[PDB]
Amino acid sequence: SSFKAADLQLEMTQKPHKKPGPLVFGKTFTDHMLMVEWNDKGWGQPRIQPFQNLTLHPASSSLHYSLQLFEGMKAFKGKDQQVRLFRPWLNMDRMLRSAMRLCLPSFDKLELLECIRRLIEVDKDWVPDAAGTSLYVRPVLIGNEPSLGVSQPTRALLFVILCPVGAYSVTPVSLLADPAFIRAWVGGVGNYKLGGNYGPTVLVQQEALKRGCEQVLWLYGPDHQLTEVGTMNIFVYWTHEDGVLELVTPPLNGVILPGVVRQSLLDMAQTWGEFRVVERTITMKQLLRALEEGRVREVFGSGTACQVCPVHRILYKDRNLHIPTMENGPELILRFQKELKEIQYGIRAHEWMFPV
């Protein structure tokens, strides 16, 4: 049985921290945090407590065998000072799938959300309201076994911390495309937001920077499929081989993290009904022929941190490939950003937004 928002225990801080004045993504934390413990007696009571360190047994399964998963989502403060979470239900859904994959304890998704709402409420004033700013919400679930056996955890901790953030802005990025690097494999766990999928990318992101690129384009398979950009899903807006203009993104076949922003761009594009929206594999072969025949209009990544990130260059086989994204407006990118902004900041009412 899940923990209950009704059972929440609140402990306000004695010394509130001084709010910020140029925020650096994920370094500034708010006064409070959520924490819920799990053990053989099930879930304890959730609590909002002052932001404080974790105390873990040195054998903690979180640190030895990566019994760890996370989420990332944003709360936005509208003009009316009202704070809203964007599509949080989908993050709860994904978090639970991640939990099950790692044999971590199940929880009630609406209970956790209410606990998160309550936490954001307590820290409302940390939510910035300046243009392009938001509150980043980082839920985490970790195993906490005090023994070295690789086994289903009998102890777990669920916590949530909050960071006020600005951008991460609408400047295009260059990508290193090198098939030697493989982010995920069919039958793997690339489709879950597990900490173990990110650690190994640090070295690869460094190679990208040495080779004068800003992000990694993760290729998969012998046909060099374009899967993801850094921690973002990848979209290509082009006139396809059959002469039809379309928005394509790779399908959810196991090596793709099902992004919330990704699904939202699909939803928006489908709703407008102005061009084909498809989920289909994208190979470098197709991209090169499309670039050579001038069929490519825009390439970009989607994710919570950047929202929509234009791509202007891919360094593939030591040879730079120009992506004409910015030369094409980037119309679709700008259209996506505008509607998302209007929705997120409450300019248009929308079922996608959850009020705090």
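Counting begins at 1, following the sequence as shown.
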Checklist entry - Which class fits the unmodelled deposited stretch between residue 21 and residue 22: none, 1 to 3, 4 to 9, or 10 or more? => result 1 to 3
Next on the checklist: Can you count the deposited residues that have no coordinates between residue 168 and residue 169 and report it as none, 1 to 3, 4 to 9, or 10 or more?
Outcome noted: 4 to 9
Checklist entry - Comparing 1 to 9 with 346 to 354, which stretch shows the greater average C-alpha B-factor in the deposited entry? => result 1 to 9
Checklist entry - Hey, which bit's got the bigger mean C-alpha B factor in the entry, 144 to 152 or 239 to 247? => result 239 to 247
Checklist entry - From 254, 230, 212, 200, can you pick the one with the highest C-alpha B factor in the entry? => result 212
Next on the checklist: For the CA B factor values reported in this entry, which option in 51, 300, 65, 38 has the top one?
Outcome noted: 51
Checklist entry - What third of its chain's C-alpha B-factors does residue 308 belong to: lowest, middle or highest? => result middle
Next on the checklist: For the chain shown, is the CA B-factor of residue 189 in the lowest, middle or highest third of its modelled residues?
Outcome noted: lowest
Checklist entry - If you rank the chain by CA B-factor, which third does residue 280 end up in: lowest, middle or highest? => result middle
Next on the checklist: Ranking the modelled residues of this chain by C-alpha B-factor as given in the entry, is residue 178 in the lowest, middle or highest third?
Outcome noted: highest
Checklist entry - Compared with the other modelled residues in the chain, in which third is the CA B-factor of residue 320? => result highest
